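S.K.: please find the sequence and an experimentally derived structure below.
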Amino acid sequence: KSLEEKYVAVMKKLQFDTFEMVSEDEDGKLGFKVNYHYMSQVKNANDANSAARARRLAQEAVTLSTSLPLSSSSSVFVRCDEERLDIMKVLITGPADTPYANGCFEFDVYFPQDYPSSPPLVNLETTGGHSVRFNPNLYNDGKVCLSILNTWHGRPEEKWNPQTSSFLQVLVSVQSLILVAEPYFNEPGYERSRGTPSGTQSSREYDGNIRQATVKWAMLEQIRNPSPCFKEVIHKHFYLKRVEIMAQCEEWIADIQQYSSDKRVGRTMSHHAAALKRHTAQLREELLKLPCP
Amino acid sequence: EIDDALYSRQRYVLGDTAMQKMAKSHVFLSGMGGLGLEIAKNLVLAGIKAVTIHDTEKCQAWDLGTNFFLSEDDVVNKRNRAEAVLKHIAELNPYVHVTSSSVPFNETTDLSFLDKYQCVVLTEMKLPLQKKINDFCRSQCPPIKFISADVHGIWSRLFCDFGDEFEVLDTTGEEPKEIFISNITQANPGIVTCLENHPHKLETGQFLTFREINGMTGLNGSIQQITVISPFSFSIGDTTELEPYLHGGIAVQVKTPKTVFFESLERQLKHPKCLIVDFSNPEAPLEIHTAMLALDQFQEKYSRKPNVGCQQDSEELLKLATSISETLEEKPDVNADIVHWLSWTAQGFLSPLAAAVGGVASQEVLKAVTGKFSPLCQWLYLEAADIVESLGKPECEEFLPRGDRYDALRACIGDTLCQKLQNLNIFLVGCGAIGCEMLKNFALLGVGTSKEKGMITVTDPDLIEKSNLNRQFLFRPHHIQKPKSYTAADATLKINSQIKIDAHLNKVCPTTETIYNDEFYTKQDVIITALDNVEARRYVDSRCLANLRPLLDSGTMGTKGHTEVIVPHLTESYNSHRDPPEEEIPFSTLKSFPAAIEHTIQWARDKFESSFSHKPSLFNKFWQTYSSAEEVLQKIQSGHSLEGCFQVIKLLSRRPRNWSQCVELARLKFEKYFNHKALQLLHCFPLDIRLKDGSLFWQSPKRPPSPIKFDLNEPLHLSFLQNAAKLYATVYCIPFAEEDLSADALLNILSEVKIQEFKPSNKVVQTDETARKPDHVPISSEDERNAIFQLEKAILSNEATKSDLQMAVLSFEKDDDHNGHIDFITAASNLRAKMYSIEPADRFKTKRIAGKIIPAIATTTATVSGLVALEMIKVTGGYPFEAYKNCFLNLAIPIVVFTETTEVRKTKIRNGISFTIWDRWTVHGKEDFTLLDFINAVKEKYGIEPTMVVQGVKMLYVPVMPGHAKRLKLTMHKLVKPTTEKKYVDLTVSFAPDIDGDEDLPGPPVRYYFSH
Ligand SMILES: O=P(O)(O)O[C@H]1[C@H](OP(=O)(O)O)[C@@H](OP(=O)(O)O)[C@H](OP(=O)(O)O)[C@@H](OP(=O)(O)O)[C@H]1OP(=O)(O)O
Ligand SMILES: Nc1ncnc2c1ncn2[C@@H]1O[C@H](COP(=O)(O)OP(=O)(O)OP(=O)(O)O)[C@@H](O)[C@H]1O
């Protein structure tokens, strides 16, 4: 039971830090040491930097370093270039009971010149070849749809505010709205399909697909091909979570087989179950191999 | 007929009726000092049909300093000024019949010859004959519009009198507003409620008509007067007798004529109707009136102006003013200082004020012959007393004449100030009409003529065009396509041979900053901006703020205009202004739900650009990245997800090869735009479709469209197809002749043409009224298989040569007629408007809106620019903050408002310390100098502790970063990663606030030098 407390204590040192992104010669020729979404826009940005932008970024960095969300269910990881500011990257752990349970999701975030006038650009890179539409708000390419980002439907009050809105609120909204136990119903018209066996059955299909995709990319590909930015952190996280990973994957195998009882959607559930079992065997090999980092 | 290519910008200001009135206009002007010449130039540029110029005096050497056409030869020959300047002014406008006259004017002179003219202007005239002429003109039927104006030193007078009644046809140049009605109640008076997102924007007593009202169908075509109830509601009279309201309805503004009454000149001397230009001193214009009348009395009594420094003359003028004020109704206290300064500067002539008042008088003349705008009623006075007020009590030797071409200005401002002006180094950016007339004013002022320092720098990348000839008066038709700056410079040497001027053909922007570096900025003294856009203004303002130099700016919009003054250590900057971002038409509104003419115009413009500029460029870029059709086929066979290859193949498979195929392509595009898309949208949303609440979907602002059947006999369809076929043949490089555009040939082609039928589809309509531009739908299997089949069939047809693989890209030409872009866009916009039951727009209005053409007139330019030059003198004099006056004007009212410029705001930082935009802290350093040393040096030098440092976009040190205390120990010459470009680097610092957790308070920019 002390696992949760040790989890909080250890990786709080690992929530907030900086890692080096930009590589240049003394002539300013821009290159990058890792994979990032907005390579071109870093070089194509205007260098008349507004002091308000930098001060807001510094204050937000202080606020994150002091108050990052942290729980083995849901957590937020902050890394930024050690030298530049607007380039940004996040890592998010999926809460329990969700098809994203205990997976991790790396993000690429950019800040425009006019910031805080406009919300920062956000995009998920854990989509795995950019083919998995993990959420109605998260398409295959990884586009992030939220009202606060002005990328999702909603009222202007729910949308961006240059003065009141903060990136920590954006991260909290991501955790509370995207990584949910009912992502199928997130799309408009599917919350209306709730209360019917057809809607619940389609939710079963979607959530099983999301489960197997998370096991494939967010765990297996995140440990076998980790980004160097969060490479050590993700390994420590999965080492501490290895037991619950086995319990969760066994529970998912049992539950996805319950959905497999259906004749046709249960066939898709059987395909997802086969993929889940394959990735579970692979992750079990990894957990057996993985020592304390 | 109106020369559109010459007059379009002025047309957008005045309207064709105004020019048609001026096609019959005859105007007489007498008195050819600087003021008369400026007024004549303005009127000739405007395009008055016939102008009769007049003077009875001969050219003095003194007159050379007040004229930009006369020469020393004219003075030598003692030629009369009128016919002397007649030669040059004839070049300004061939369409204007310019004549001359020299009949002496006196009490016995018969005035019957003036009957042919509609407006008569007098300058330098004695008051009793002004009164007699005013009596004569007002007794005529129709009365002759009377205007008198004079300039004496730093003072000016303007008066107008249009008879007992003057008709005004238009009270404002703005378009009649249209407001969408949300609800109207049945009451006495009925309460009209607009769509309350947008304000009422109207006033009580205004006049409206209504259309497309449902429920109260009796209000269709109803005509009511209004009374404002709220910023979102108003009443139009009884509606209780009407039927209940259901939906719809648009309130349309109705323009109503008016009549303004003018009094006789003599009776207007008492109880004068004065227009206030400074609401803080409304008493001043009456004092100016009294002082001017006293000066007139002195001139009448002694037949001469008061001499500078003549105490007896000043005392007599003060006595006369005191006596006259006692005969006035109000009897205000006579401003002895104003009288003293008038006596001091009586004999002088200050040219910029003369130009400004001349422009104002020219606009008053324009009003007098058209009724297009509400005129002045009746007196106007302008002052330059601020300049002399800062001089305290100088002595006459500064202002005494010395025999040069600047004695008139010397009598106004003093010799030392003239020397300061001659030593000025002035950098002017942009060479619009403002630039040309400013250079003319500088030539008149002798600015930048001294051998040692005085230099004028100008630059502009644009070339001269016919449309610019209307207001950029320096240029001529044979100067077309020549550089603006070079020709403008060449013309100015004629005005003044002593000028020292350099010209450049360079756009001013960060890429050209190397030429205009900070060393160039240091060599300058004042910077003048004549730009037409905001971003260049921002860039110039930032540069001059970084270089600590004064800046002046002016904007012109029709009759409206304004002036901006920026002085180091005294005022704000242009980059202080945060005017809101402009309107954005929603993507859904433009693509699917246009409610206004401008929406269809914008849609047509965007479609034209996409069809003929964007897509051909994309095709050429694709066939430059990829070289062989078989190569692309091999790529896509191996699963290459090439970008836009599907659309490229779709375009190539639709490439016409003869004129008939081009015409049929145009016809099918017509069908797609105007029947298929409308049918698809109506399939998604029938007329009776309703919202979730059951309310109407096709209700305000959603206007329901209607598909249109093609007919070649329709002129709109004929023009649209002709222009579309011409443009497509240009892009596809298919040659053709003008005979192919004949309706007979089009009919013959159309008889062969067959039209594909419409089909409904489930393409999702983006009804979201705040929707942004979406992304593309991914490539379906149909797309790639059709692409493969079509590229294979193109290879079979051998349509794979470089001519097939590249096309012509057409630019957006907006002024020429032969390109036909204007015709095509107007036709498309009219068709789309007709679809949504929206009134079609004419060619000229479409050209105005689509080209974003600013309606402009040279008179407003000269008016604002006289004030700009005046403020340039004050900037040269180094006067305190009080002297500088920001100003705004709207000649349509007319109205002028002087106001103090915005004071610089002291940015309090901590413990009573403060900084300003006119501040940039510096620190000299060394090779071993560290970041801790830098922080300690800043703390010691400015008494405040730094918290965090940033190099541009790049973080240098932040306390809450891991191990960044080591960065403090690191040396500048290594951590900064300096370039060899500078001896220094620029950076930003913030400082600790008093309250913990507050964002660190930003300070001024800080520059660290690498050496001492
Ligand atoms: O690409 P754009 O110039 O912005 O306009 C396109 C274009 O219409 P045009 O045929 O008039 O150029 C498309 O046609 P193609 O380029 O693919 O031939 C058409 O697509 P469809 O062929 O599927 O009709 C589409 O219409 P839509 O967005 O309704 O699919 C329409 O877009 P606009 O409505 O903005 O003109
Ligand atoms: N950054 C810049 N540097 C130099 N000149 C500039 C810059 N931006 C604009 N200009 C100049 O501003 C001038 C604007 O002049 P003006 O307002 O009289 O209209 P125009 O551009 O000549 O014509 P139009 O009536 O078609 O707009 C142009 O001649 C252009 O060369």
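M.R.: Structure's in. What do you need? Numbering: from 1, shown residues only, chains lettered A, B, ... in the order given. Ligands and ions are numbered 1, 2, ... in the order given.

S.K.: the strands in the stretch 901-1012 of chain B, which residues?
M.R.: Using DSSP state E, counting those that start in this stretch, the strands of the stretch 901-1012 of chain B run over residues B:907-910, B:913-915, B:921-924, B:946-951, B:954-957, B:984-991, B:1001-1002, B:1006-1009.

S.K.: any residues touching the last one, and which ones?
M.R.: The set of residues external to strand B:1006-1009 that reach it, using CB atoms under 8 Å, 6 or more residues apart in numbering or on different chains, is B:920-925, B:934, B:938, B:972, B:976, B:983-989. In short, each C-beta sits where N, CA and C put it, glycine included.

S.K.: correct me, but residue B:987 touches residue B:953?
M.R.: No - applying CB atoms under 8 Å as the test, residue B:987 and residue B:953 come out as separate, 11.1 Å apart.

S.K.: let me see the ranges of the helices in the stretch 251-400 of chain B.
M.R.: Listed in chain order, the helices of the stretch 251-400 of chain B (DSSP state H, counting those that start in this stretch) span B:265-269, B:283-302, B:311-327, B:336-344, B:351-370, B:385-389.

S.K.: just tell me which of these ends up closest to residue B:227.
M.R.: helix B:351-370 (29.3 Å; CB to CB).

S.K.: distance between the closest one and the chain's centre?
M.R.: Per CA atoms, centre = their mean, to the nearest Å, the displacement of helix B:351-370 from the mean C-alpha position of its chain is 19 Å.

S.K.: stretch B:864-873 now?
M.R.: With CA atoms, centre = their mean as the basis, stretch B:864-873 stands 17 Å off its chain's centre.

S.K.: stretch B:126-136 too?
M.R.: 39 Å.

S.K.: go on, stretch B:234-245?
M.R.: The chain centroid and the centroid of stretch B:234-245 are separated by 42 Å, computed with CA atoms, centre = their mean.

S.K.: check stretch B:793-801 too.
M.R.: Distance of stretch B:793-801 from the chain centroid (CA atoms, centre = their mean) equals 52 Å.

S.K.: what's the answer for stretch A:266-282, then?
M.R.: Put simply, stretch A:266-282 sits 22 Å off its chain's centre (CA atoms, centre = their mean).

S.K.: before we move on, the earlier item: out of the helices of the stretch 251-400 of chain B, nearest to ligand 2?
M.R.: With CB to the nearest ligand atom as the criterion, ligand 2 lies closest to helix B:351-370 of the helices of the stretch 251-400 of chain B, at 15.7 Å.

S.K.: quick one, phi/psi of the nearest residue to residue B:188 once chain neighbours are set aside?
M.R.: The shortest distance from residue B:188 to any non-neighbouring residue, by CB to CB, 6 or more residues apart in numbering or on different chains, is to residue B:238 (4.3 Å). Main-chain torsions, residue B:238, degrees, to the nearest 10: phi -60, psi 130.

S.K.: what separation do you get for residue B:238 and residue B:193?
M.R.: Taking CB to CB, to the nearest Å as the measure, residue B:238 falls 17 Å from residue B:193.

S.K.: so which of the two has more stuff around it?
M.R.: Neighbour tally, residue B:238 and residue B:193, criterion other CB atoms under 10 Å in any protein chain shown: the higher count belongs to residue B:193, 17 against 13.

S.K.: quick check on the more buried one: phi, psi?
M.R.: According to degrees, to the nearest 10, residue B:193 has phi -110, psi 120.

S.K.: okay, now the closest residue to it other than its chain neighbours: neighbour count?
M.R.: In space, not counting the residues next to it along the chain, residue B:193 is nearest to residue B:183; the distance is 4.5 Å by CB to CB, 6+ apart. Residue B:183 sits with 16 neighbouring residues when counted by other CB under 10 Å.
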